[PDB]
Amino acid sequence: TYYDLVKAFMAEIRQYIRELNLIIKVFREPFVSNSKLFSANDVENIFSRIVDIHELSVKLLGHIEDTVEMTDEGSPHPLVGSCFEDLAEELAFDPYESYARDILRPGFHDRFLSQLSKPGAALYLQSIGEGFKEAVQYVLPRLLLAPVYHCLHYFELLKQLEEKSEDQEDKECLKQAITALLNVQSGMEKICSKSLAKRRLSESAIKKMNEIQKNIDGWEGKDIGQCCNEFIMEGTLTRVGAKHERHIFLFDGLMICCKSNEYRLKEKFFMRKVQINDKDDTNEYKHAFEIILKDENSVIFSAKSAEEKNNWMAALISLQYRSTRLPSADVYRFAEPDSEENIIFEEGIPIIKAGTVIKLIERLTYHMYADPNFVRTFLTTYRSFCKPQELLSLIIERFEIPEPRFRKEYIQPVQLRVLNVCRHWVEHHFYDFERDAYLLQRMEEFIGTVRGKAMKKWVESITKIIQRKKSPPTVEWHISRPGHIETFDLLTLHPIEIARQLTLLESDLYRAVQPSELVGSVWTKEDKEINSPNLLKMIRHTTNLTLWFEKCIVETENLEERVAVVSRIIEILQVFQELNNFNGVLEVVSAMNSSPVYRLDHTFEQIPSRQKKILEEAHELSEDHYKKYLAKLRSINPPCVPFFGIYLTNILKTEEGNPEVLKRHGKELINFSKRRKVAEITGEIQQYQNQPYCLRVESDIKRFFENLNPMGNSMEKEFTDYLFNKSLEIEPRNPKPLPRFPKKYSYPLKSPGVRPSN
């Protein structure tokens, strides 16, 4: 897919960038350092545009990285067409043609060697360190081809992306990049097709391991796979002293010397020892080198040509040496450095515990890294410590960065994060803008203030989201037919539909609670009916249902029917679990663990095993202080109805368990951290209020559960006592025999099941 190619490309350019670094910092720096031995041109004649190419590459990868991270679920794949088009339009790839021209010129290597053999050069290279002179002479010329391979692949990469793009605007950018690169491509094409160049490029261009050992007779020691990880070379060489030219397989861990008959093992050498170069000798051996093994006798090989010898030394020498800001004045910024008076972290990204709105927003738009999780949490819970209008102002103040240069690794990324926050805000929290027309205006004015010629094209995606913001399963039925309200009851309705409608009811109830009903533990004070009317309406429904389940069970005097009643309820619990309705889960669990229902041993006795496990699995969610429930909530994907109680206890305790004021030097400072902690819980609550249920509403069934009133006109205690005395009546204590009661229901008690029709 387009995305696979991009992932593959990112890994490739990262390895490549590392190779460019090696070339620049390790091989080139020593020539640059010895001004007396090498002039600017000498360096130029060997390394060409290597530095520009490195800069272009880091720039390319950087843009592609931001693009990917800023790619929301709204796109079929990150759109990198523009990353390439912006660069191609500025003729940024021209350095590659010049580079290829310098490196693939016919006389390159000869001139390269003369530079290594002129007075004092060889000695200077040796003084750099062990292996440098050998690496420079036999390995560097190969590495110097990397930019050519890399750029040639670009031409093919762009074509494939163009063909696979799932976005018309992205496709267009790619077509344009391809076009803008035609000159560079035909230019490099002419350079690379010439015979010598073509040979050079071809030169440096575990099923195999087992396939190779299987074709070698008289094997010794362990398998190739038991000491090698890759296959490097396969050629022919002559061992000075041996009778027949040996065929050789070179692995990172083994140089295997065979005799062709297909082959017979002759020498099995372990790669972990020195390799020395040898000058030609009248001894008929030319293009030779010496291999030195541990406590073993040296062996000398000879290749067919100097080109062959070069390929072997390149690989062999590489194997031997394989191991080898200033922001503004603070009086114009967020420049204040981190301290204990700024941010505190929780004891790869650092988790924040507390901090100033300034430092908080700084980390929300941090230059070092992107924090998509911190951005998701902040935009869900910030309204408790910052007002929407103040947030936009702080964001704008964060964007408009004043210069004191290196501000491409600070100004470019910070402005990026700021805009990704704006996108997330408008995308997942548009209610802030529907509620304040001026807030939207300031946002549209700010978006239209973006300067970057390239940034505008990227920011158009944000504008599109703004303009935008301006089939569910069949209703299941059982014994009761649609419209027959009178007949509605726990066993008459379909168990699946009961759980479905209770979930819709319970979801709406949950989504209606405002943070102004929670903040300040307001639902616990004397004016709770006034300040938290939605919260109480939700809790009262939960209570109402827990009680209705108990009443249904306990008032079903006949044991057979009661077992049937307890069974549907467990079934309803199962669908609640499927629908991720935790309020509804704890609703049933609570009824099951109530005093009147808990002790009905005769009832639970006849309840199937699978159902007992579903219930037990449910009860375990509460254990250890909801440890499992808290875990499961995190692990699921909405919609869902969380259990509200835990949030209530956490807000109340956070407010009552932490001071309202911190004292310092006799002065009274307001503990804001405490208020921030409340806002995070509030924020979490609001996040779960977004996603709606893909379920069809059944108005009549909904009205049935909305009008349930188990308690009637009785007070709590009078009713609770009635349930318990009913439990004792239907299942008296031990020594008292279990009486029989007449049937209550005149319809079949067989459940239609929990699996939907089709």
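Residues numbered from 1 in each chain as written, not as in the entry; some residues may be left out. Heavy atoms only, no water.

Okay, the overall build of the protein next. Summing up its helical and strand segments, the protein has 34 helices and 12 strands in all. Against the 2.2 N^0.38 benchmark of 27 Å for 758 residues, the protein shows a C-alpha radius of gyration of 38 Å, more extended than a compact globule. Each of the three principal axes of the protein carries a C-alpha extent, and together these read 115 × 70 × 55 Å. Out of the 758 residues in the protein, the part that is buried amounts to 47%. (Helix = DSSP H or I, 4+ residues; strand = E, 2+ residues; numbered from the N terminus. Rg over C-alpha atoms; globule rule 2.2 N^0.38 Å. Buried < 20%, exposed > 50% of the residue type's maximum accessible area, 1.4 Å probe, protein only.)

Helix length check: helix α3 (residues 50–69) (20 residues) gives 29 Å between terminal C-alpha atoms against 28 Å at 1.5 Å per residue, within 8%. Looking at the buried positions of α3, the neighbouring elements they touch are α1 (2–33), α2 (40–47), α4 (81–89), α5 (94–103) and α9 (146–164). (Expected span 1.5 Å × (residues − 1). Contact = heavy atoms within 4.5 Å.)

What follows covers the packing of α3 against α5. Contact pair α3 / α5: the axes reach a minimum separation of 9 Å and the direction vectors enclose 145°. Crossing of α3 over α5 shows left-handed handedness. Along its contact with α3, which presents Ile50, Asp52, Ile53, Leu56 and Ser57, the element α5 presents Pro95, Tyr96 and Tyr99. Class assignment for the residues of the contact of α3 with α5 results in six nonpolar, one polar and one charged. (Axes fitted to C-alpha atoms, helices over the stretch in contact; angles between N-to-C directions. Left-handed = near helix turned anticlockwise from the far one by under 90°. Nonpolar A, V, L, I, M, F, W, Y, C, P; charged D, E, K, R; others polar.)

As summarised here, the arrangement of the eight strands in space is β1-β5-β4-β3-β2-β8-β7-β6, forming an open sheet in which the pairing is mixed. At either margin of the open sheet sits one strand with a lone partner, and together these are β1 (216–217) and β6 (275–278). In the sheet, strand β2 (residues 231–239) pairs with strand β3 (residues 246–251) via six bridges, with the strands oriented antiparallel. Following the sheet pairing, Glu234 is matched in β3 by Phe249. In this fold helix α14 (residues 306–320) packs onto β2, β3, β4 (254–260), β6 and β7 (288–291), with an angle of close to 125° to the strand it touches most, β2. (Pairing = 2+ DSSP bridges.)

This brings us to the packing of helix α24 (residues 533–554) against helix α26 (residues 582–592). Contact pair α24 / α26: the axes reach a minimum separation of 9 Å and the direction vectors enclose 40°. Taken together, the axis directions place α24 and α26 in an arrangement best described as oblique. By crossing handedness, the relation of α24 to α26 is classed as right-handed. Here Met538, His541, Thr542, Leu545, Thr546, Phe549, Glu550 and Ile553 of α24 lie close against α26, whose contacting residues are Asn583, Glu587, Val588, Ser590, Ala591 and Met592. Its residues assigned to classes, the contact of α24 with α26 shows seven nonpolar, five polar and two charged. (Parallel < 35°, antiparallel > 145°, perpendicular 65-115°, else oblique.)

Before going further, it helps to examine the packing of aromatic side chains. Inspection of every chain in the model, using the stated rule, returns 35 aromatic pairs. Centre to centre, the rings of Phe31 and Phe47 are 5.4 Å apart; their planes meet at 70°, and the pair counts as edge-to-face. You can see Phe31 sitting in helix α1 and its partner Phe47 sitting in helix α2, a full 16 residues away along the chain. Overall, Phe47 belongs to the buried group, its relative accessible area being 0%. Taken together, a centroid distance of 6.0 Å and an interplanar angle of 70° make the contact between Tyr626 and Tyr629 edge-to-face. (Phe/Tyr/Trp six-rings, centres within 6.5 Å; stacked < 30°, edge-to-face > 60°.)

Assigned domains within the protein: domain 1 (2–203), domain 2 (207–320), domain 3 (343–468) and domain 4 (485–730). Put simply, the middle of domain 1 and the middle of domain 3, counted by C-alpha atoms, are 36 Å apart. Contact with domain 1, which involves six residues of that partner, is made by eight residues of domain 3. Carbon and sulfur atoms make up 57% of the surface buried where domain 1 meets domain 3, a total of about 640 Å² over both sides. Across the domain 1-domain 3 interface, the total number found is one salt bridge. Applying the counting criterion to the domain 1 and domain 3 interface returns two residue pairs in polar contact. Classifying every residue of the side of domain 1 that touches domain 3 gives one nonpolar, one polar and four charged. (Domains from an automatic or database assignment. Buried area = accessible area lost by both parts, 1.4 Å probe. Salt bridge = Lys/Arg side-chain N within 4 Å of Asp/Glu carboxyl O. Polar contact = N/O pair within 3.5 Å; in protein donor to acceptor, adjacent residues only side chain to side chain.)

Moving on, we get to the environment of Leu600. Inspection of the secondary structure puts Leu600 in the loop between α27 (595–598) and α28 (601–605). Each C-alpha atom of the pair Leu600 and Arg500 lies 28 Å from the other, and the pair is 100 residues apart in sequence. Sequence-distant contacts of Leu600, that is, excluding residues within four places in its chain, are made with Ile553, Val554, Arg562, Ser727, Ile730 and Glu731.

Moving on to the state of the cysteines. For the structure shown, the criterion picks out zero disulfides. Its sulfur unpaired, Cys422 is 13 Å from the next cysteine sulfur, which belongs to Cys386. Free of any disulfide, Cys694 has its nearest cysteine sulfur in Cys640, 15 Å distant. (Disulfide = S-S within 2.5 Å.)

Per the counting criterion, the structure on display carries 37 salt bridges. Across the pair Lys359 and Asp338 runs a salt bridge, and its minimum N-O distance is 2.5 Å. Here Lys457 ties to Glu460 by a salt bridge, and the two come within 3.5 Å at their closest N and O atoms. Placement of the pair is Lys457 and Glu460 together in helix α21 (residues 453–468), with a separation of three residues, close to one helical turn. Because the salt bridges share partners, they merge into one network encompassing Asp338, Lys359, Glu362 and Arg363.

Following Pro638, the chain continues to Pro639 via a peptide bond in cis, the omega torsion being 0°. The residue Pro639 is located in the loop between α30 (623–635) and α31 (645–656) in this model. One non-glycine residue, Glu284, lies in the positive phi region at around 65°. For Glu284, a relative accessible area of 70% corresponds to the exposed category.

Note that soluble globular proteins tend to have their nonpolar side chains buried in a common cluster. Within the largest apolar cluster, 87 residues are counted, with the highest numbers of intra-cluster contacts made by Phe47, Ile64, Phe84, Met255 and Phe301. It is α1 that contributes the most residues to this core, 12 residues altogether. If you count residues domain by domain, this core takes at least three from each of domain 1 (2–203) and domain 2 (207–320). The contacts of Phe301, once residues within four sequence positions are left out, are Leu237, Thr238, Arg239, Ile248, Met255, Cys257, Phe269, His287, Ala288, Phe289 and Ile291. Grouped together as the second largest cluster of nonpolar side chains are 75 residues, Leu493, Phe582, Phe604 and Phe705 included. (Core = buried A, V, L, I, M, F, W, Y, C linked by side-chain atoms within 4.5 Å.)

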